[PDB]
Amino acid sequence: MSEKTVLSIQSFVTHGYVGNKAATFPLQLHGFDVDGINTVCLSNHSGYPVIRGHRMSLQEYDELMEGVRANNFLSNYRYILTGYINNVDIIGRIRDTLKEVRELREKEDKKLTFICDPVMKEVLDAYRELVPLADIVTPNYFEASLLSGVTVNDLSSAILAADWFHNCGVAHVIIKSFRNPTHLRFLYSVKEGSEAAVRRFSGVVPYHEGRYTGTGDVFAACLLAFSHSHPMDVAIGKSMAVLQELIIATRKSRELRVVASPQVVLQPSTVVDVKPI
């Protein structure tokens, strides 16, 4: 408990649990004031026969942001969370949105934590430019492979990928999974500065067959929430646990029912060991 304000910039769907709908409830459950910017407002996520809706233009984004800036809302965000954007100009514009906030915050001696979930064209080049400004990044193995140039097959390659992120400026790197078969392994790598020694942690979670929509979005939201007063390694463990229990709860590519299981999001009971290397 402290300043729990988040600007969350992600997709929005009317039906299903992805993007800002998936992120906002877990955050609010943990006491966070979430200011949302919906980069798209669609009918649903991919998977269905049909998808429709509105996609935010650069003009619309800029215009929204005029109000947000003019009314001094930028000074009051302790966190920025980005998810699915898929627009070169806007992900390109977020570099600016981030930079306006950080300077506003630093001038009043308050902190800012930018958590970038690099959800993935020319969008890749734009992410390569944005990720260096992140305090925490949460790539899946595919996104880590694309950004770093290193195919993330296993722990060793995951570590080389994570080094790329530290080299471009990122302190905290979570590579959320890679697949001995009946488990998924993750890597957390932390390097608190150029002249700072890197420490790595790894752990596993049981693999469950099938696909589950919105897992990455809920993970990032829980990571933010748990990172507020838990050390990062503990926060990663609790986030992995939330997902592990939610994926099991829906076993009784389909939705996670987070709303049906709020105590799981608040207080996961499954223990995930995030073990130092």
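Note that residue numbering follows the sequence shown and begins at 1.
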**Prompt:** None, 1 to 3, 4 to 9, or 10 or more: how many residues of the deposited sequence lack coordinates between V88 and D89?
**Reply:** none
**Item:** Deposited but uncoordinated residues in the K252/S253 interval
**Value:** 10 or more
**Request:** Determine, for stretches 60-68 and 220-228, which one has the higher mean CA B-factor as deposited.
**Result:** 60-68
**Message:** Regarding 132-140 and 94-102, which shows the higher C-alpha temperature factor on average in the entry?
**Reply:** 94-102
**Fill in**
Max C-alpha B-factor within the set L187, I115, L184, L160 falls on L184
**Prompt:** When the CA B-factors of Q28, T213, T39, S239 are compared as recorded in the entry, which is the largest?
**Reply:** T213
**Prompt:** Among the modelled residues of its chain, does the C-alpha B-factor of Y79 lie in the lowest, middle or highest third?
**Reply:** lowest
**Prompt:** When the modelled residues of the chain are sorted by Cα temperature factor, does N180 land in the lowest, middle or highest third?
**Reply:** highest
**Item:** Third of chain Cα B-factors occupied by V123
**Value:** highest
**Relative C-alpha B-factor of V272, binned into the chain's lowest, middle or highest third** = middle
**Message:** When the deposited Cα B-factors of this chain's modelled residues are ordered and cut into thirds, is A171 in the lowest, the middle or the highest one?
**Reply:** middle
